[PDB]
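Here you'll find one protein chain in two forms, each presented separately as structure tokens under the names structure 1 and structure 2.
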Structure 1
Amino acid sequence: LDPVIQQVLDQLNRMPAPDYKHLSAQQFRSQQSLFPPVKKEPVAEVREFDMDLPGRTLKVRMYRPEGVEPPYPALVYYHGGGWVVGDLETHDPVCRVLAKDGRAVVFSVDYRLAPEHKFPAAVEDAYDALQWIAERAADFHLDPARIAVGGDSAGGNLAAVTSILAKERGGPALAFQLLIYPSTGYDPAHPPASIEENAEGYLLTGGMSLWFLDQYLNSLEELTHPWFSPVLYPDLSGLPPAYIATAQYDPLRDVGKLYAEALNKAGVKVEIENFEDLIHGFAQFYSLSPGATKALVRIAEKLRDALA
């Protein structure tokens, strides 16, 4: 059998067989993905509802993993996608793993996208969503002292910024920040080595990166706006401990490293690990690539330990 497919099959075949005798069309459509076949870890409960915010309503999909007792630790998650693409479905498989393996209730936030909603729309949504969810901790039986923020790529940037805004605003309390190959920014004058090193051939290219910025940002001066490039924020001290994952063949590899450095220098506990054989956005290859699969689960387990 074709090797690549056989790998995907192995992942699907090891999971519990569905009870097709009592499976609704709605369950099949949400629990199974065939285009392409991507494994969706089963969770105990999946709820989707609106967050009525000033000027806009954001949808949120909440994943409660099986075998976890309340008060539950939680993760407010912001999907990647260059602030232009992605939604609740594109990262559904990722959130299911973070809930399942992270042993936490995940809240995937469907923040406004650019160019329709340019910077800093996503940033206000990220923070507001966190505030909306944390103040309703009881509604979801969450442990308010164990609410973390996280995201991949643009989402990791949003989670990083949200932590800073939360500090400046005096709340809500954030216990941890999970940054998956986050675009935490850098001094455009001195671009890290990975920028030019991995500018081509590895999915996220220099052209695509810059195209994302044209869609997201308003002015050239915003390239150094702390809510876009948090690594430039003056005082990173007091921020939630963090875990940063970078990919060897990611132009943003050193960008993540750079934020890890700033956090540590700022006295913030921070763990960072580079995945030697992966590219940017590797989480999207969950179950498709053995390396991406193992990497994401490890990441999920780091979240588990931090909120344990």
Structure 2
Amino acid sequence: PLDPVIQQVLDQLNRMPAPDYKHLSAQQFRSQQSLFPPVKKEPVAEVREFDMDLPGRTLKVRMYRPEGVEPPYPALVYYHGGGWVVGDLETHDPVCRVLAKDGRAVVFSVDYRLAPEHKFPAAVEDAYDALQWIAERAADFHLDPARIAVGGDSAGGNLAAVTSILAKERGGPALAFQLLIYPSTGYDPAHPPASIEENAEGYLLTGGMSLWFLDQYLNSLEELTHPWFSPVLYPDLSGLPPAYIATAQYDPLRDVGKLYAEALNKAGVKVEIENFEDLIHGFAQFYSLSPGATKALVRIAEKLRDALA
């Protein structure tokens, strides 16, 4: 079935007017993000924010150092979700804390630029350049160069997967692991995985909502098959960092996640994929509220922990 609290979330959500994507704007939708209930912020030894001055832009970064972990620390460069349009350092702050605290790794939450103000592939360039910037400063952050992972949820998982591919092409930096939480890893639009139609409606992330995101992020039809947008279409996935993929049973992106796992495995990359049976897309954001989401996110963090051990 469906997690009890998730069920109550959808009930409260379906009480609202049917979204009007034809007229919804990025600003309007960013406001709707305040609808997410307050969540518990797990404690960490330290939270620090700093600027990364990159060509053309300064990206904010929130670093979370967990308690009781000795340097050189393993790290996770994290990219928040939100369809490449919404979200920020605050929306996924609770998520990053859990990953740091139970993942036993220093998490760097990257405030990448959002569309439509910055269309594709700005976010992608930000994800990569941010990882480069942080790895370059491994020493300054007391990080173990060999234990730096990339990860993210939804659009964030997409950015992590694409960043991995770009690091491979550019000879670095070294990525030890890929944490992809119900990621949007792409697929050939002409041949969608079964979950796209199956969970198209009523489970928070909907077909219409994804369409709306795509219209804000992408510039043209042709980019739907662009590898930087659909990493699963990249011609050669071998040599990519080993990965852990979490999918949700009621997520339209469920089989998309499975598609990437399958693709990575076929390319000889070690990959573990787990489907959470009673959850929906975005369940991490209900950490400490939903019992299913809480155990799932903690589990995901422990998967990360074992990965960087």
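Counting starts at 1 with the first residue of structure 1 and goes up one by one along its sequence. For clarity, a rigid core is taken as the largest C-alpha set superposing within 1.5 Å between two forms. Only residues modelled in both forms are compared.
Participant: Please check if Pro42 moves between structure 1 and structure 2, taking a CA shift of 2 Å or more relative to the superposed core as movement.
Facilitator: The answer is no; the displacement is under 2 Å.
Participant: Quick one: once the rigid core is lined up, does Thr57 have its C-alpha move by 2 Å or more between structure 1 and structure 2?
Facilitator: No, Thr57 moves less than 2 Å.
Participant: Does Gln11 move appreciably between structure 1 and structure 2, meaning a CA displacement of 2 Å or more on the superposed rigid core?
Facilitator: After core superposition, the C-alpha of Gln11 moves 2 Å or more between structure 1 and structure 2.
Participant: Core superposed, what is the CA shift for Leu220 between structure 1 and structure 2, in angstrom?
Facilitator: Taking the core as reference, the C-alpha of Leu220 is shifted 0.3 Å.
Participant: Superposing on the core, what C-alpha displacement does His22 show between structure 1 and structure 2, in angstrom?
Facilitator: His22 is displaced by 48.2 Å at its C-alpha.
Participant: Looking only at residues in both forms, which consecutive runs of at least three have C-alphas displaced 2 Å or more between structure 1 and structure 2 after fitting the rigid core?
Facilitator: Only this run moves by 2 Å or more: 1 to 37.
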